[PDB]
Amino acid sequence: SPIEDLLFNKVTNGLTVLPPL
Amino acid sequence: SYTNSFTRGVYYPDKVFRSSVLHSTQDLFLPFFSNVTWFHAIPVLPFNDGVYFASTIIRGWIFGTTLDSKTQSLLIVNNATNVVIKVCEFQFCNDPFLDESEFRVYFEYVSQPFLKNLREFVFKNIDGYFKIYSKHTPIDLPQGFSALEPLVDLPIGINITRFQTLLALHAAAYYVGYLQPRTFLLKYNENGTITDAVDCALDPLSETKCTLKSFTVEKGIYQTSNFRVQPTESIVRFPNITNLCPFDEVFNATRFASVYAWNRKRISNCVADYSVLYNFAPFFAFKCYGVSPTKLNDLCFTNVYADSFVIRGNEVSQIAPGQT
Amino acid sequence: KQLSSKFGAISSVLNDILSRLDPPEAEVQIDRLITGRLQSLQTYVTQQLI
Amino acid sequence: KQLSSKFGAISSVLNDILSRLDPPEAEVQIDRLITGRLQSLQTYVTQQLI
Amino acid sequence: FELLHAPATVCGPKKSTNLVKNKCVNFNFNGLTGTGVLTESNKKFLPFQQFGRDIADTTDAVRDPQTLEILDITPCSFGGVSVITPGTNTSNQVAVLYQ
Amino acid sequence: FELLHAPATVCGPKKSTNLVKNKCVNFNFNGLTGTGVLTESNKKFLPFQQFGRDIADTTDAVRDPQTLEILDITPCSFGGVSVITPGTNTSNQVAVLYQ
């Protein structure tokens, strides 16, 4: 939906980041 | 001839009793599903680590470094009465053999002898000692699981490089195994006997059992260890300048300096050679902080500083970072 | 950014420490490096738990 | 009250150690004092957070 | 000695080795020992610099003093391995996942 | 005396003491020194086993060299103390509680 699309568009060794399920 | 050993070759890592627990150990064991050199001779064998031995007649083991009288050598002869373990600088033939009242081979330890069945022998050589593991279990290796109880310890001190076996002339065949250090997971029973062992470097279920400290696992996801990709070759590149740094000027001089008149020499834009320092004179203390005087051929940096002064012996320790 | 912390040692790069200094003194160099980065990791884990 | 702890050193005053002993041993004494005060501050911060 | 980030002008005696591309190896130069792949880099160097750096205060760009050309330093793919298995009294096959 | 050259073997004569039963001491059994009671063991050992352990990496049974029997190890009975008390304005009496 456009509201959650706008919400998504307004959000911006040896260490890894596990992706969510 | 080659023949895979299914699961045999498990011995007690220590004399510590345990009851129905799991103990993770890091010693030198025999890996599972490893080929062993089945011999059928009727020379000399290499010894990296382990003289894992099992035969289904033959008695005798040659141990030592160079097999001759130049260094200490070990001898084991087993007969029906006792066992004699003689260590000395003994001379040995290329192909020794026995006869049983004549010796054709050329401190002692007299104890009980080491006597279808299967005489499994596990030998170790670490910390200047010698360990013998043996249990005779009656029966392609047979399918089953059994341990190897320890025995007396022989303090030798020297290292072992090559070994050899003996032929008893009244033959038979024997397995020859090799050990490398890895991690086991031994499941002690309630009475205190080892009945099941699983490896830690195998198909990943065995590694999961290693890292979970359990024999039964359930469904789900388990993170055991890493998969860091591994390198295959080394790449080294230094500048193509060869000017032979003037270490001879600061070393080979008639008079260096006074204590209060320590001079200035600046050595740069060349490659160093630390292999010529040891040929000049024997060093007195030669202690080092920051760097070591062994790994100096692998470093490249800038702007060395060389100091020249002479001191009266007892103040050598005063030439150090932070001394009064 | 805690990887570049010297922690009172001689050098921050552990490869340089292993390729420069004798294991009699590299033992205590690695000792102080491990305990410094270990307490740093403990602080990070505590912050993540909170 | 944690400022008045010796932390295994000669004393608990930074000016006292630097004015009577040489800098080499004073380096170790100051290092022990500063790491003890560091774990004290970390413990206080963790208690404040909980 | 001193280990400041400067053009190294005194080296130990070691021979040079030809470059390898797209196969990650280990490396060491001008006293900088590490592990990573060697490849041509899109970066450029002013004619007074020796090695580059990154955010992590490590080395990601080096210049070999054999021939005045720019090289790239990057460790290859690394991660932890996970074992996807069913229950013990269900089967024996396992699955391997690389993160 | 020649030293540091070989695994040693000419050691001094170390004396031995008598037996003890059901009393926790700082026993020294062939170099294994610890604190715990010396009770009769219902367990059964093996001829190549010297001492036992548990999950928590603590000694629970040891074997004396003078006798083929085995003696169990259990540490001395510990416990905190507590003081049961009312307000000091009411009464001066207190009660001692062991945990």
# chains A, B, ... in the order shown; residues from 1 in each chain; ligands from 1
$ calpha_fit_and_write --fixed "chain E" --moving "chain F" --output "JSON list (two decimals) with N, CA and C atoms, in the first residue's frame"
[["chain", "number", "residue", "atom", "x", "y", "z"],
["F", 1, "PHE", "N", 77.84, -1.56, 15.45],
["F", 1, "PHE", "CA", 76.46, -1.12, 15.26],
["F", 1, "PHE", "C", 76.09, -0.13, 16.36],
["F", 2, "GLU", "N", 75.54, 1.01, 15.97],
["F", 2, "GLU", "CA", 75.13, 2.06, 16.89],
["F", 2, "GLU", "C", 73.61, 2.16, 16.87],
["F", 3, "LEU", "N", 72.94, 1.99, 17.99],
["F", 3, "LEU", "CA", 71.47, 1.98, 17.89],
["F", 3, "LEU", "C", 70.76, 2.90, 18.86],
["F", 4, "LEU", "N", 69.47, 3.09, 18.66],
["F", 4, "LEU", "CA", 68.67, 3.91, 19.57],
["F", 4, "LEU", "C", 69.10, 5.36, 19.58],
["F", 5, "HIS", "N", 69.98, 5.74, 18.67],
["F", 5, "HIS", "CA", 70.49, 7.10, 18.68],
["F", 5, "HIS", "C", 69.93, 7.90, 17.52],
["F", 6, "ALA", "N", 69.46, 7.22, 16.48],
["F", 6, "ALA", "CA", 69.00, 7.93, 15.29],
["F", 6, "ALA", "C", 67.96, 7.16, 14.50],
["F", 7, "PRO", "N", 67.08, 7.87, 13.78],
["F", 7, "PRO", "CA", 66.15, 7.13, 12.93],
["F", 7, "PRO", "C", 66.95, 6.18, 12.06],
["F", 8, "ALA", "N", 66.63, 4.90, 12.10],
["F", 8, "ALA", "CA", 67.44, 3.92, 11.37],
["F", 8, "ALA", "C", 67.25, 3.98, 9.87],
["F", 9, "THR", "N", 68.23, 3.47, 9.13],
["F", 9, "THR", "CA", 68.14, 3.43, 7.68],
["F", 9, "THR", "C", 68.88, 2.25, 7.04],
["F", 10, "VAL", "N", 69.81, 1.62, 7.74],
["F", 10, "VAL", "CA", 70.55, 0.47, 7.18],
["F", 10, "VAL", "C", 69.76, -0.77, 7.57],
["F", 11, "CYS", "N", 68.75, -1.09, 6.77],
["F", 11, "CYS", "CA", 67.90, -2.24, 7.00],
["F", 11, "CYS", "C", 68.37, -3.43, 6.17],
["F", 12, "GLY", "N", 67.95, -4.62, 6.60],
["F", 12, "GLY", "CA", 68.30, -5.85, 5.92],
["F", 12, "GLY", "C", 67.55, -6.01, 4.61],
["F", 13, "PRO", "N", 68.05, -6.88, 3.73],
["F", 13, "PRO", "CA", 67.40, -7.10, 2.43],
["F", 13, "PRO", "C", 66.21, -8.03, 2.56],
["F", 14, "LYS", "N", 65.01, -7.47, 2.37],
["F", 14, "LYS", "CA", 63.78, -8.25, 2.44],
["F", 14, "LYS", "C", 63.40, -8.70, 1.03],
["F", 15, "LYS", "N", 63.21, -10.00, 0.86],
["F", 15, "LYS", "CA", 62.93, -10.57, -0.45],
["F", 15, "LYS", "C", 61.49, -10.28, -0.87],
["F", 16, "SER", "N", 61.23, -10.49, -2.16],
["F", 16, "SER", "CA", 59.91, -10.27, -2.74],
["F", 16, "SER", "C", 59.49, -11.51, -3.52],
["F", 17, "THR", "N", 58.18, -11.71, -3.61],
["F", 17, "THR", "CA", 57.59, -12.86, -4.27],
["F", 17, "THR", "C", 56.97, -12.43, -5.61],
["F", 18, "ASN", "N", 56.34, -13.39, -6.28],
["F", 18, "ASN", "CA", 55.74, -13.16, -7.58],
["F", 18, "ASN", "C", 54.30, -12.65, -7.43],
["F", 19, "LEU", "N", 53.64, -12.43, -8.57],
["F", 19, "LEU", "CA", 52.28, -11.94, -8.58],
["F", 19, "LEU", "C", 51.29, -13.08, -8.31],
["F", 20, "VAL", "N", 50.07, -12.69, -7.95],
["F", 20, "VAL", "CA", 48.98, -13.64, -7.73],
["F", 20, "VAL", "C", 47.68, -12.95, -8.11],
["F", 21, "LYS", "N", 46.70, -13.74, -8.55],
["F", 21, "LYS", "CA", 45.44, -13.20, -9.04],
["F", 21, "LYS", "C", 44.29, -14.12, -8.66],
["F", 22, "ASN", "N", 43.22, -13.51, -8.13],
["F", 22, "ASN", "CA", 41.92, -14.16, -7.90],
["F", 22, "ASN", "C", 42.04, -15.36, -6.95],
["F", 23, "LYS", "N", 42.77, -15.18, -5.85],
["F", 23, "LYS", "CA", 42.94, -16.25, -4.87],
["F", 23, "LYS", "C", 43.30, -15.59, -3.54],
["F", 24, "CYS", "N", 42.49, -15.82, -2.51],
["F", 24, "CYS", "CA", 42.69, -15.12, -1.25],
["F", 24, "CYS", "C", 43.82, -15.75, -0.45],
["F", 25, "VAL", "N", 44.84, -14.95, -0.16],
["F", 25, "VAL", "CA", 46.03, -15.37, 0.56],
["F", 25, "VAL", "C", 46.27, -14.39, 1.71],
["F", 26, "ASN", "N", 47.23, -14.74, 2.57],
["F", 26, "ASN", "CA", 47.70, -13.82, 3.61],
["F", 26, "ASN", "C", 48.82, -12.96, 3.02],
["F", 27, "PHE", "N", 48.41, -12.02, 2.17],
["F", 27, "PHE", "CA", 49.35, -11.18, 1.44],
["F", 27, "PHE", "C", 50.06, -10.21, 2.38],
["F", 28, "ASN", "N", 51.31, -9.90, 2.05],
["F", 28, "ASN", "CA", 52.12, -8.92, 2.78],
["F", 28, "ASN", "C", 52.60, -7.87, 1.78],
["F", 29, "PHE", "N", 51.87, -6.77, 1.68],
["F", 29, "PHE", "CA", 52.15, -5.71, 0.71],
["F", 29, "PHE", "C", 52.80, -4.54, 1.43],
["F", 30, "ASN", "N", 54.14, -4.51, 1.40],
["F", 30, "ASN", "CA", 54.96, -3.43, 1.98],
["F", 30, "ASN", "C", 54.67, -3.23, 3.46],
["F", 31, "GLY", "N", 54.51, -4.33, 4.19],
["F", 31, "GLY", "CA", 54.23, -4.29, 5.61],
["F", 31, "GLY", "C", 52.77, -4.40, 5.98],
["F", 32, "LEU", "N", 51.86, -4.21, 5.02],
["F", 32, "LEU", "CA", 50.43, -4.34, 5.26],
["F", 32, "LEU", "C", 50.06, -5.81, 5.06],
["F", 33, "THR", "N", 49.83, -6.52, 6.16],
["F", 33, "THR", "CA", 49.52, -7.94, 6.10],
["F", 33, "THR", "C", 48.05, -8.17, 6.43],
["F", 34, "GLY", "N", 47.35, -8.86, 5.53],
["F", 34, "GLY", "CA", 45.94, -9.16, 5.72],
["F", 34, "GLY", "C", 45.52, -10.30, 4.83],
["F", 35, "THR", "N", 44.25, -10.67, 4.94],
["F", 35, "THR", "CA", 43.68, -11.78, 4.19],
["F", 35, "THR", "C", 42.59, -11.27, 3.27],
["F", 36, "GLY", "N", 42.67, -11.62, 2.00],
["F", 36, "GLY", "CA", 41.67, -11.21, 1.03],
["F", 36, "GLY", "C", 42.08, -11.61, -0.36],
["F", 37, "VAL", "N", 41.09, -11.60, -1.26],
["F", 37, "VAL", "CA", 41.34, -11.96, -2.66],
["F", 37, "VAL", "C", 42.18, -10.89, -3.34],
["F", 38, "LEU", "N", 42.74, -11.25, -4.49],
["F", 38, "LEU", "CA", 43.55, -10.34, -5.30],
["F", 38, "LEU", "C", 42.94, -10.31, -6.70],
["F", 39, "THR", "N", 41.96, -9.43, -6.90],
["F", 39, "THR", "CA", 41.25, -9.32, -8.16],
["F", 39, "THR", "C", 41.62, -8.03, -8.87],
["F", 40, "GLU", "N", 41.28, -7.96, -10.15],
["F", 40, "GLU", "CA", 41.53, -6.76, -10.94],
["F", 40, "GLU", "C", 40.60, -5.64, -10.49],
["F", 41, "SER", "N", 41.16, -4.46, -10.26],
["F", 41, "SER", "CA", 40.41, -3.34, -9.73],
["F", 41, "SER", "C", 39.88, -2.47, -10.86],
["F", 42, "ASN", "N", 38.58, -2.17, -10.81],
["F", 42, "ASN", "CA", 37.97, -1.21, -11.71],
["F", 42, "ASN", "C", 38.11, 0.23, -11.22],
["F", 43, "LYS", "N", 38.63, 0.43, -10.01],
["F", 43, "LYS", "CA", 38.82, 1.76, -9.46],
["F", 43, "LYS", "C", 40.02, 2.44, -10.12],
["F", 44, "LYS", "N", 40.14, 3.74, -9.88],
["F", 44, "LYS", "CA", 41.26, 4.53, -10.37],
["F", 44, "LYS", "C", 41.92, 5.22, -9.19],
["F", 45, "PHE", "N", 43.22, 4.99, -9.02],
["F", 45, "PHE", "CA", 43.97, 5.55, -7.91],
["F", 45, "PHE", "C", 44.69, 6.82, -8.33],
["F", 46, "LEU", "N", 45.56, 7.32, -7.45],
["F", 46, "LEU", "CA", 46.41, 8.47, -7.63],
["F", 46, "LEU", "C", 47.86, 8.08, -7.35],
["F", 47, "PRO", "N", 48.84, 8.77, -7.95],
["F", 47, "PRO", "CA", 50.24, 8.36, -7.78],
["F", 47, "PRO", "C", 50.76, 8.44, -6.35],
["F", 48, "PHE", "N", 50.14, 9.22, -5.47],
["F", 48, "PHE", "CA", 50.60, 9.33, -4.09],
["F", 48, "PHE", "C", 49.79, 8.48, -3.12],
["F", 49, "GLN", "N", 48.91, 7.61, -3.62],
["F", 49, "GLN", "CA", 48.09, 6.76, -2.77],
["F", 49, "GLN", "C", 48.60, 5.32, -2.84],
["F", 50, "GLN", "N", 48.78, 4.70, -1.67],
["F", 50, "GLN", "CA", 49.29, 3.34, -1.59],
["F", 50, "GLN", "C", 48.16, 2.31, -1.50],
["F", 51, "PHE", "N", 47.30, 2.43, -0.49],
["F", 51, "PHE", "CA", 46.22, 1.48, -0.26],
["F", 51, "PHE", "C", 44.96, 2.24, 0.13],
["F", 52, "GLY", "N", 43.81, 1.58, -0.04],
["F", 52, "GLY", "CA", 42.53, 2.17, 0.27],
["F", 52, "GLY", "C", 41.86, 1.56, 1.49],
["F", 53, "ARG", "N", 40.74, 2.16, 1.87],
["F", 53, "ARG", "CA", 39.94, 1.69, 3.00],
["F", 53, "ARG", "C", 38.47, 1.95, 2.68],
["F", 54, "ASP", "N", 37.61, 1.74, 3.67],
["F", 54, "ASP", "CA", 36.17, 1.91, 3.51],
["F", 54, "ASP", "C", 35.62, 2.55, 4.79],
["F", 55, "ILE", "N", 34.30, 2.51, 4.94],
["F", 55, "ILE", "CA", 33.65, 3.04, 6.14],
["F", 55, "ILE", "C", 34.04, 2.22, 7.36],
["F", 56, "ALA", "N", 34.06, 0.90, 7.22],
["F", 56, "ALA", "CA", 34.30, -0.01, 8.34],
["F", 56, "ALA", "C", 35.78, -0.18, 8.69],
["F", 57, "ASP", "N", 36.64, 0.71, 8.20],
["F", 57, "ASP", "CA", 38.08, 0.72, 8.49],
["F", 57, "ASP", "C", 38.75, -0.60, 8.11],
["F", 58, "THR", "N", 38.40, -1.10, 6.92],
["F", 58, "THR", "CA", 38.95, -2.34, 6.39],
["F", 58, "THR", "C", 39.54, -2.09, 5.01],
["F", 59, "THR", "N", 40.64, -2.78, 4.72],
["F", 59, "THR", "CA", 41.33, -2.62, 3.45],
["F", 59, "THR", "C", 40.54, -3.27, 2.33],
["F", 60, "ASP", "N", 40.34, -2.53, 1.24],
["F", 60, "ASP", "CA", 39.60, -3.02, 0.08],
["F", 60, "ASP", "C", 40.41, -3.02, -1.20],
["F", 61, "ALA", "N", 41.49, -2.25, -1.27],
["F", 61, "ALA", "CA", 42.34, -2.20, -2.44],
["F", 61, "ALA", "C", 43.77, -1.89, -2.02],
["F", 62, "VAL", "N", 44.73, -2.55, -2.68],
["F", 62, "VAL", "CA", 46.14, -2.35, -2.41],
["F", 62, "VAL", "C", 46.87, -2.27, -3.75],
["F", 63, "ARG", "N", 48.02, -1.60, -3.76],
["F", 63, "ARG", "CA", 48.83, -1.43, -4.95],
["F", 63, "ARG", "C", 50.16, -2.14, -4.76],
["F", 64, "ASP", "N", 50.50, -3.03, -5.70],
["F", 64, "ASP", "CA", 51.78, -3.71, -5.67],
["F", 64, "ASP", "C", 52.90, -2.77, -6.14],
["F", 65, "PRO", "N", 54.12, -2.92, -5.61],
["F", 65, "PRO", "CA", 55.21, -2.02, -6.02],
["F", 65, "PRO", "C", 55.80, -2.38, -7.37],
["F", 66, "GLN", "N", 55.68, -3.64, -7.78],
["F", 66, "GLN", "CA", 56.29, -4.09, -9.02],
["F", 66, "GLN", "C", 55.55, -3.63, -10.27],
["F", 67, "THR", "N", 54.26, -3.33, -10.16],
["F", 67, "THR", "CA", 53.44, -2.96, -11.31],
["F", 67, "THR", "C", 52.56, -1.78, -10.92],
["F", 68, "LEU", "N", 52.32, -0.89, -11.89],
["F", 68, "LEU", "CA", 51.49, 0.29, -11.66],
["F", 68, "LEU", "C", 50.01, -0.04, -11.49],
["F", 69, "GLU", "N", 49.60, -1.28, -11.75],
["F", 69, "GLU", "CA", 48.22, -1.69, -11.57],
["F", 69, "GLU", "C", 47.86, -1.77, -10.09],
["F", 70, "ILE", "N", 46.57, -1.89, -9.82],
["F", 70, "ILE", "CA", 46.05, -1.96, -8.45],
["F", 70, "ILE", "C", 45.18, -3.20, -8.32],
["F", 71, "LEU", "N", 45.28, -3.86, -7.17],
["F", 71, "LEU", "CA", 44.58, -5.12, -6.92],
["F", 71, "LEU", "C", 43.60, -4.93, -5.77],
["F", 72, "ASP", "N", 42.33, -5.25, -6.03],
["F", 72, "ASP", "CA", 41.29, -5.12, -5.02],
["F", 72, "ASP", "C", 41.42, -6.22, -3.97],
["F", 73, "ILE", "N", 40.92, -5.92, -2.77],
["F", 73, "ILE", "CA", 40.96, -6.84, -1.64],
["F", 73, "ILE", "C", 39.53, -7.09, -1.17],
["F", 74, "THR", "N", 39.15, -8.36, -1.08],
["F", 74, "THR", "CA", 37.86, -8.77, -0.55],
["F", 74, "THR", "C", 38.14, -10.07, 0.21],
["F", 75, "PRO", "N", 37.71, -10.18, 1.47],
["F", 75, "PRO", "CA", 38.06, -11.35, 2.28],
["F", 75, "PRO", "C", 37.44, -12.63, 1.76],
["F", 76, "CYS", "N", 37.98, -13.75, 2.24],
["F", 76, "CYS", "CA", 37.54, -15.07, 1.81],
["F", 76, "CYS", "C", 36.09, -15.31, 2.23],
["F", 77, "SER", "N", 35.37, -16.08, 1.42],
["F", 77, "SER", "CA", 33.93, -16.27, 1.60],
["F", 77, "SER", "C", 33.65, -17.08, 2.86],
["F", 78, "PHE", "N", 32.98, -16.46, 3.82],
["F", 78, "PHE", "CA", 32.63, -17.09, 5.08],
["F", 78, "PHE", "C", 31.13, -17.38, 5.14],
["F", 79, "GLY", "N", 30.75, -18.23, 6.10],
["F", 79, "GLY", "CA", 29.36, -18.58, 6.29],
["F", 79, "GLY", "C", 29.17, -19.72, 7.27],
["F", 80, "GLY", "N", 28.13, -19.63, 8.09],
["F", 80, "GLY", "CA", 27.85, -20.69, 9.04],
["F", 80, "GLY", "C", 27.25, -21.91, 8.38],
["F", 81, "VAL", "N", 27.24, -23.02, 9.12],
["F", 81, "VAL", "CA", 26.69, -24.28, 8.65],
["F", 81, "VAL", "C", 25.49, -24.64, 9.52],
["F", 82, "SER", "N", 24.51, -25.30, 8.90],
["F", 82, "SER", "CA", 23.32, -25.77, 9.59],
["F", 82, "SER", "C", 23.02, -27.19, 9.15],
["F", 83, "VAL", "N", 22.37, -27.94, 10.03],
["F", 83, "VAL", "CA", 22.05, -29.34, 9.78],
["F", 83, "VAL", "C", 20.53, -29.48, 9.75],
["F", 84, "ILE", "N", 19.99, -29.85, 8.60],
["F", 84, "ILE", "CA", 18.57, -30.15, 8.49],
["F", 84, "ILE", "C", 18.35, -31.60, 8.90],
["F", 85, "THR", "N", 17.53, -31.82, 9.93],
["F", 85, "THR", "CA", 17.33, -33.17, 10.41],
["F", 85, "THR", "C", 15.93, -33.38, 10.97],
["F", 86, "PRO", "N", 15.34, -34.56, 10.76],
["F", 86, "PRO", "CA", 14.14, -34.93, 11.51],
["F", 86, "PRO", "C", 14.49, -35.52, 12.86],
["F", 87, "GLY", "N", 13.50, -36.04, 13.58],
["F", 87, "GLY", "CA", 13.78, -36.74, 14.82],
["F", 87, "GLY", "C", 14.59, -38.01, 14.57],
["F", 88, "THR", "N", 15.45, -38.34, 15.54],
["F", 88, "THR", "CA", 16.33, -39.49, 15.40],
["F", 88, "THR", "C", 15.57, -40.81, 15.44],
["F", 89, "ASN", "N", 14.37, -40.83, 16.02],
["F", 89, "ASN", "CA", 13.54, -42.03, 16.00],
["F", 89, "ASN", "C", 12.97, -42.32, 14.62],
["F", 90, "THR", "N", 12.90, -41.31, 13.75],
["F", 90, "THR", "CA", 12.31, -41.48, 12.42],
["F", 90, "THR", "C", 13.34, -41.93, 11.39],
["F", 91, "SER", "N", 14.40, -41.14, 11.20],
["F", 91, "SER", "CA", 15.40, -41.45, 10.19],
["F", 91, "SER", "C", 16.77, -40.99, 10.67],
["F", 92, "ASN", "N", 17.80, -41.59, 10.07],
["F", 92, "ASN", "CA", 19.19, -41.29, 10.40],
["F", 92, "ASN", "C", 19.82, -40.30, 9.43],
["F", 93, "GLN", "N", 19.13, -39.95, 8.35],
["F", 93, "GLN", "CA", 19.70, -39.08, 7.33],
["F", 93, "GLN", "C", 19.62, -37.62, 7.74],
["F", 94, "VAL", "N", 20.61, -36.84, 7.29],
["F", 94, "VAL", "CA", 20.70, -35.42, 7.56],
["F", 94, "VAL", "C", 21.04, -34.68, 6.27],
["F", 95, "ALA", "N", 20.77, -33.38, 6.28],
["F", 95, "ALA", "CA", 21.08, -32.50, 5.15],
["F", 95, "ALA", "C", 21.92, -31.33, 5.64],
["F", 96, "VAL", "N", 22.88, -30.91, 4.82],
["F", 96, "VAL", "CA", 23.81, -29.84, 5.17],
["F", 96, "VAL", "C", 23.37, -28.56, 4.46],
["F", 97, "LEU", "N", 23.18, -27.50, 5.24],
["F", 97, "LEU", "CA", 22.79, -26.20, 4.72],
["F", 97, "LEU", "C", 23.87, -25.18, 5.05],
["F", 98, "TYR", "N", 24.33, -24.46, 4.03],
["F", 98, "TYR", "CA", 25.31, -23.39, 4.19],
["F", 98, "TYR", "C", 24.59, -22.05, 4.21],
["F", 99, "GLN", "N", 25.05, -21.15, 5.07],
["F", 99, "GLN", "CA", 24.41, -19.85, 5.25],
["F", 99, "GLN", "C", 25.17, -18.80, 4.44]]
$ closest_atom_pairs --of "chain B" --to "chain C" --cutoff "7 Å" --atoms "only C-alpha atoms" --output "tab-separated table"
residue	atom	partner	partner_atom	distance
B:290	CA	C:21	CA	5.8
B:291	CA	C:21	CA	4.3
B:292	CA	C:21	CA	4.4
B:295	CA	C:20	CA	5.8
$ write_last_selection --atoms "C-alpha atoms" --output "PDB file, in the first residue's frame"
ATOM      1  CA  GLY B 290      58.974  -5.772  20.647  1.00  0.00           C
ATOM      2  CA  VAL B 291      60.634  -7.953  18.015  1.00  0.00           C
ATOM      3  CA  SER B 292      62.354 -11.325  18.202  1.00  0.00           C
ATOM      4  CA  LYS B 295      61.683 -13.568  12.890  1.00  0.00           C
TER       5      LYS B 295
END
$ select_by_dssp --residues "region 57-292 of chain B" --states "strand (DSSP E)" --output "ChimeraX atom specification"
/B:61-64,73-78,83-88,119-124,131-136,162-165,174-176,180-188,194-198,220-226,234-237,265-267,270-271
$ residues_around --residues "residue 3 (chain C)" --least-positions-apart "3" --cutoff "12 Å" --atoms "only C-alpha atoms" --output "list in words"
residues 13 and 14 of chain A; 6, 7, 11, 12, 13, 14, 33, 34, 36, 37, 38, 40 and 41 of chain C; 55, 56, 57 and 58 of chain E
$ atom_distance --atom1 "CA of residue 130 (chain B)" --atom2 "CA of residue 172 (chain B)"
25.9 Å
$ interface_residues --of "chain D" --to "chain C" --cutoff "12 Å" --atoms "only C-alpha atoms" --output "mmCIF file with N, CA, C and O atoms, in the first residue's frame"
data_model
loop_
_atom_site.group_PDB
_atom_site.id
_atom_site.type_symbol
_atom_site.label_atom_id
_atom_site.label_comp_id
_atom_site.auth_asym_id
_atom_site.auth_seq_id
_atom_site.Cartn_x
_atom_site.Cartn_y
_atom_site.Cartn_z
ATOM 1 N N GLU D 27 54.349 2.554 36.114
ATOM 2 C CA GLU D 27 53.498 2.208 34.978
ATOM 3 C C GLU D 27 52.597 1.024 35.307
ATOM 4 O O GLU D 27 51.391 1.055 35.035
ATOM 5 N N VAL D 28 53.161 -0.013 35.931
ATOM 6 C CA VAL D 28 52.372 -1.186 36.300
ATOM 7 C C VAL D 28 51.375 -0.841 37.401
ATOM 8 O O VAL D 28 50.224 -1.301 37.378
ATOM 9 N N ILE D 30 49.999 2.162 38.078
ATOM 10 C CA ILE D 30 48.951 2.988 37.488
ATOM 11 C C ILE D 30 48.051 2.159 36.581
ATOM 12 O O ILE D 30 46.835 2.367 36.558
ATOM 13 N N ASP D 31 48.614 1.188 35.850
ATOM 14 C CA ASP D 31 47.796 0.321 35.005
ATOM 15 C C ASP D 31 46.840 -0.531 35.833
ATOM 16 O O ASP D 31 45.659 -0.660 35.485
ATOM 17 N N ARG D 32 47.325 -1.104 36.941
ATOM 18 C CA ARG D 32 46.448 -1.885 37.812
ATOM 19 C C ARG D 32 45.369 -1.013 38.445
ATOM 20 O O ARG D 32 44.198 -1.414 38.509
ATOM 21 N N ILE D 34 44.125 1.852 37.257
ATOM 22 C CA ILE D 34 43.182 2.340 36.258
ATOM 23 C C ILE D 34 42.283 1.212 35.766
ATOM 24 O O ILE D 34 41.096 1.438 35.514
ATOM 25 N N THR D 35 42.788 -0.028 35.681
ATOM 26 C CA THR D 35 41.896 -1.103 35.259
ATOM 27 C C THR D 35 40.939 -1.502 36.379
ATOM 28 O O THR D 35 39.783 -1.843 36.096
ATOM 29 N N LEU D 38 38.358 0.972 36.263
ATOM 30 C CA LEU D 38 37.572 0.725 35.059
ATOM 31 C C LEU D 38 36.512 -0.347 35.287
ATOM 32 O O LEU D 38 35.356 -0.169 34.883
ATOM 33 N N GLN D 39 36.877 -1.468 35.926
ATOM 34 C CA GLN D 39 35.855 -2.474 36.221
ATOM 35 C C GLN D 39 34.859 -1.965 37.257
ATOM 36 O O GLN D 39 33.679 -2.332 37.216
ATOM 37 N N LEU D 41 33.812 1.205 37.468
ATOM 38 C CA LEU D 41 32.900 2.054 36.706
ATOM 39 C C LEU D 41 31.973 1.230 35.820
ATOM 40 O O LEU D 41 30.797 1.574 35.667
ATOM 41 N N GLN D 42 32.481 0.146 35.225
ATOM 42 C CA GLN D 42 31.631 -0.711 34.399
ATOM 43 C C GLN D 42 30.561 -1.407 35.234
ATOM 44 O O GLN D 42 29.409 -1.536 34.797
ATOM 45 N N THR D 43 30.923 -1.862 36.438
ATOM 46 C CA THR D 43 29.946 -2.466 37.340
ATOM 47 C C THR D 43 28.888 -1.451 37.762
ATOM 48 O O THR D 43 27.691 -1.767 37.802
ATOM 49 N N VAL D 45 27.972 1.197 36.028
ATOM 50 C CA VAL D 45 27.158 1.479 34.848
ATOM 51 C C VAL D 45 26.141 0.365 34.610
ATOM 52 O O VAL D 45 24.974 0.631 34.302
ATOM 53 N N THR D 46 26.559 -0.896 34.768
ATOM 54 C CA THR D 46 25.635 -2.019 34.595
ATOM 55 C C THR D 46 24.533 -2.003 35.652
ATOM 56 O O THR D 46 23.358 -2.255 35.346
ATOM 57 N N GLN D 47 24.896 -1.699 36.903
ATOM 58 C CA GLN D 47 23.902 -1.575 37.964
ATOM 59 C C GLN D 47 22.936 -0.427 37.690
ATOM 60 O O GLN D 47 21.722 -0.561 37.904
ATOM 61 N N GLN D 48 23.457 0.703 37.197
ATOM 62 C CA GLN D 48 22.608 1.833 36.828
ATOM 63 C C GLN D 48 21.646 1.459 35.708
ATOM 64 O O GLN D 48 20.475 1.844 35.734
ATOM 65 N N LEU D 49 22.122 0.692 34.725
ATOM 66 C CA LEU D 49 21.253 0.278 33.627
ATOM 67 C C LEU D 49 20.167 -0.689 34.085
ATOM 68 O O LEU D 49 19.027 -0.599 33.620
ATOM 69 N N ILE D 50 20.489 -1.631 34.979
ATOM 70 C CA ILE D 50 19.471 -2.601 35.388
ATOM 71 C C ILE D 50 18.426 -1.941 36.294
ATOM 72 O O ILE D 50 17.218 -2.209 36.172
#
